[PDB]
Amino acid sequence: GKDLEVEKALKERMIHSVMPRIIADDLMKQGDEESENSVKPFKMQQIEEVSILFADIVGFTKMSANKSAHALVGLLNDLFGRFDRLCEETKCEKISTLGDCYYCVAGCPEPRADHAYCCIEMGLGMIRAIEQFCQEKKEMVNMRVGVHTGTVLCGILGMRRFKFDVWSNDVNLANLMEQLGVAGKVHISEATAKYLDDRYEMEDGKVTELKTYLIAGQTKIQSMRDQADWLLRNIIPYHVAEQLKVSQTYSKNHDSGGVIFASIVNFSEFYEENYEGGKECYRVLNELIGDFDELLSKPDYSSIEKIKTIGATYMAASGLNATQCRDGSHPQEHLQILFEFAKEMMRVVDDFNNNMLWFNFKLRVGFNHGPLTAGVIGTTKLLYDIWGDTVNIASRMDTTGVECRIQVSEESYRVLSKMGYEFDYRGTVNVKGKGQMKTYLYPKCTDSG
Amino acid sequence: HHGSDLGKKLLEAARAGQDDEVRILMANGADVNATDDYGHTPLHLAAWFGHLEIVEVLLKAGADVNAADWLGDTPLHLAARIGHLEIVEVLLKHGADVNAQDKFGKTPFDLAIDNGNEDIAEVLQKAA
């Protein structure tokens, strides 16, 4: 009956939660049949002179120190709801959410003549929102904000958990100008200023340790059902789909779930853009990513979930879905099969390299485990995610890895060394908040010496 | 074709360079233009590993002269990015297309250029 159009409205809610208005309207009229056949083929485009804003929550750790696993979910939802209110006011598009971070772009589907204007004003609104939530909730944390402009190729990648995203050097530049941004004020560059018209409270905001400034202010329903249910299982998993299906939100505390990051290191050196838009190199990237996704389809690959794809990264976790402690299953084999997934995806990138003409794409992988918190953010939108110590621990770990070498946390090293895998000690690395930390590697003398 | 494994071992020999195996395969009717998943043809794996002799046999076997991988690069473009002067010349003999360009929009002469390879650069300079 009309339950069919109800389901269509649900699928609209899904799509507009993974892709902005322009491309979502372009695909909801099903332009080409191959694209919809895929949704059960895509287009990627490179746009120039766009504005990219990042914002990280300063000191998230203690602000998330001793919660009951619920309050952080709700407060973060409040923040992001205010933030997207701000976006829809400023007509700028949110893109994704990395833990302590949140970020937007300006004029990528349609470029606007004063995009960076809207972007920095959105940043000012962010500052006001965070200060007001601070004085409201009595939670003493603010946000570092780094803005940049340039040119980026945007599109989608992967078929699992695929999300409309952006890639270029500008990504790295904005990410660092955040990581080098100042608490509470926006870290800008001439790429912003070169069309700014000095209408603000500019300062020569540089590092105290490239034209960098600061601003501080001034009967087909079953066809439709398979399609929409698959999109749901795309963006969020099954158990959480049920737990919220009968409720409003979700929040969970998993005291032990392993997380591994895998980043393609030698990609940037191959990116060279003397070709128009470099989009084919990233098409090859999508081939590799989709292979990584297809890996998941193994039956012994059930307890593993791909959290998301961070830029060119590949975030994979486990130990979250099967709540049942089985007497016919050892409660610690999930990490074993996770590391086996890691070895086998190394095998897969090897195979992809057999076919990659006169070039090797190598990847560095980082491992961690321990307590963490899973949650779902959006409402009228959607986003699944996780936080805690383990996540940014593994991030900072794999950030200091060498390709084809499995960087592993010391305690995970201990618990895995009794699982039979042989390791060589890499050293002891300084960690923010934790200091020196001993790291290990799985490959046993893979080099000449 | 009907059970296209002949072309599979064809490609794997082209990458390995086992002459006699290629000979037996073609004598058994291995499809001289069967490709792998990524659009790579046996001429491509040949140009890669520098098995000029198997290149010769395969052109004798009637392989495509302008077959393009998924990235549009012909084995002409391959050797041009490589620098196997012999295979470059022998492909020029068999009718390689000179003014084409892969989906990167670049002519293989510019590939030899980015190699810093003046050899193949000059080699393609003399054609038209």
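What follows is calculated from the coordinates using simple rules that are stated; it is not laboratory data. Please note: Cβ atoms are built from the backbone with ideal geometry, for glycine as well, and neighbour counts cover all protein chains shown.
Quote the relative contact order of region A:97-168 in percent (integer), defining contacts as alpha-carbon pairs under 8 Å separated by 6+ residues.
Details: 43 pairs, mean separation 12.6, N = 72.
The normalised contact order for region A:97-168 reaches 18 percent.
Going by how many other Cβ atoms sit within 10 Å of their own, how do A:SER303, A:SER329 line up, fewest first?
Placing the least packed residue first, the sequence is A:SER329, A:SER303.
By a straight-distance test (C-alpha under 18 Å), which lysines pair with A:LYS245 as possible cross-link partners, with residues fewer than eight away in the same chain excluded?
Candidates past the 8-residue exclusion: A:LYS8, A:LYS11, A:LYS381.
Of all beta bridges DSSP finds with both residues in region A:249-441, what is the antiparallel percent, to the nearest 5? Walk me through the numbers before you get to the answer.
Numbers: 30 of 32 bridges.
Rounded to the nearest five, the antiparallel share is 95 percent.
Output ³J(HN,Hα) for region B:62-68: one whole-Hz value per residue in order, computed from phi by the Karplus curve 6.51 cos²θ - 1.76 cosθ + 1.60 with θ = phi - 60°, and x for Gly and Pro.
x, 5, 5, 7, 10, 5, 10
So which chymotrypsin sites (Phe, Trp or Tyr not before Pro) in region A:342-378 are both in a DSSP loop and have at most 15 other Cβ atoms within 10 Å of their Cβ?
On the way: sites: A:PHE352, A:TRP358, A:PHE359, A:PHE361, A:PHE367; in loops: A:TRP358, A:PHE359, A:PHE361.
Passing sites in region A:342-378 are A:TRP358, A:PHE359.
Would you list A:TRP167, A:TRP230, B:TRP70 from fewest to most Cβ contacts within 10 Å? Kindly include the intermediate steps, with their values, before the conclusion.
On the way: A:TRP167 23, A:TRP230 13, B:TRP70 17.
Ascending Cβ contact count within 10 Å gives the list A:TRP230, B:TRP70, A:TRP167.
Rounded, prolate or oblate: pick one for region A:44-215, where a ≥ b ≥ c are the square roots of the eigenvalues of its C-alpha gyration tensor, a/c under 1.5 means rounded, and failing that, prolate if a/b is larger than b/c, else oblate. Spell out each step's value before the answer.
Working: a/c = 1.71, a/b = 1.22, b/c = 1.40.
Since a/c reaches 1.5 but b/c is at least a/b, the shape of region A:44-215 is classed as oblate.
Using a Förster distance of 25 Å, how high is the FRET efficiency between A:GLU139 and A:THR379, based on the Cβ-Cβ distance and rounded to 0.05?
Details: r = 21 Å, r/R0 = 0.84.
Efficiency computed from Cβ-Cβ geometry: 0.75.
How high is the relative contact order of region B:1-69, given as a whole-number percent (alpha carbon pairs under 8 Å, six or more residues apart)?
On the way: 81 pairs, mean separation 23.7, N = 69.
About 34 percent, as a whole number.
In this model, which of A:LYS444/B:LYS9; A:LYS67/A:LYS206; A:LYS29/A:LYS91; A:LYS91/A:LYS185; A:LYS40/A:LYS308; A:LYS40/A:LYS279 are farther than 28 Å apart at the alpha-carbon? Please list the in-between numbers first.
On the way: A:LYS444/B:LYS9 33 Å; A:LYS67/A:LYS206 37 Å; A:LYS29/A:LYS91 23 Å; A:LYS91/A:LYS185 21 Å; A:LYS40/A:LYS308 19 Å; A:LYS40/A:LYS279 24 Å.
The pairs that break the limit, which is 28 Å between Cα atoms, are A:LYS444/B:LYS9; A:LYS67/A:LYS206.
Relative contact order of region A:249-441, please, whole-number percent, based on alpha carbon pairs below 8 angstrom and at least 6 residues apart.
Numbers: 292 pairs, mean separation 50.2, N = 193.
Worked out over region A:249-441, it gives 26 percent.
So for region A:249-441, taking the charge dipole from beta-carbon charges (+1 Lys/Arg, -1 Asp/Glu), which of A:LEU295, A:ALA342, A:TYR275 sits furthest toward the positive end?
A:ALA342
Report, ordered by chain and residue number, the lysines lying within cross-link reach of B:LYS93, taken as a straight Cα distance under 23 Å and ignoring same-chain residues fewer than 8 apart.
B:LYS60, B:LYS106, B:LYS126
Compute log10 of I(q)/I(0) for region A:249-441 with the Debye formula, placing one identical point scatterer on every Cα and leaving out solvent, at q = 0.12, 0.15, 0.19 Å⁻¹, to two decimals.
Cα-only, vacuum Debye calculation for region A:249-441: -0.64, -0.98, -1.43.
Charges only on Cβ, +1 for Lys and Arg, -1 for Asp and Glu: so what's the dipole of region A:249-441 about the Cα centre, in debye to the nearest 20? Present the calculation step by step, with values, prior to reporting the outcome.
Details: 20 positive and 26 negative charges, 138 e Å.
In debye, rounded to 20, region A:249-441 gives about 660.
Could you line up A:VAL429, A:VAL6, B:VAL65 from fewest to most neighbouring Cβ atoms inside 10 Å? Could you put the intermediate results ahead of the total?
On the way: A:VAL429 18, A:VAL6 12, B:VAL65 15.
Neighbour counts put them in this order, fewest first: A:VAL6, B:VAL65, A:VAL429.
If you project the alpha carbons of the protein assembly as shown onto their three principal axes, what span does each projection cover, largest first, in Å?
Cα extents, longest axis first: 80, 68, 65 Å.
Calculated from DSSP H runs of 4 or more alone, at -39500 (n - 2.57) each and per residue, what is the 222 nm mean residue ellipticity of the protein assembly as shown, nearest 500? Could you put the intermediate results ahead of the total?
On the way: 23 runs with 244 residues, N = 577.
Mean residue ellipticity, 222 nm, calculated: -12500 deg cm²/dmol.
Over all alpha-carbon pairs of chain B, lay out the pair-distance distribution in 10 Å bins, whole %, shortest bin first.
Spelled out bin by bin, chain B gives 14, 47, 29, 9, 0 percent.
Quick one: dipole size for region A:142-212, taken about the Cα centre, charges +1 on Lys/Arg Cβ and -1 on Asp/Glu Cβ, in debye to the nearest 20.
Numbers: 9 positive and 10 negative charges, 94 e Å.
Dipole of region A:142-212, to the nearest 20 debye: 460 debye.
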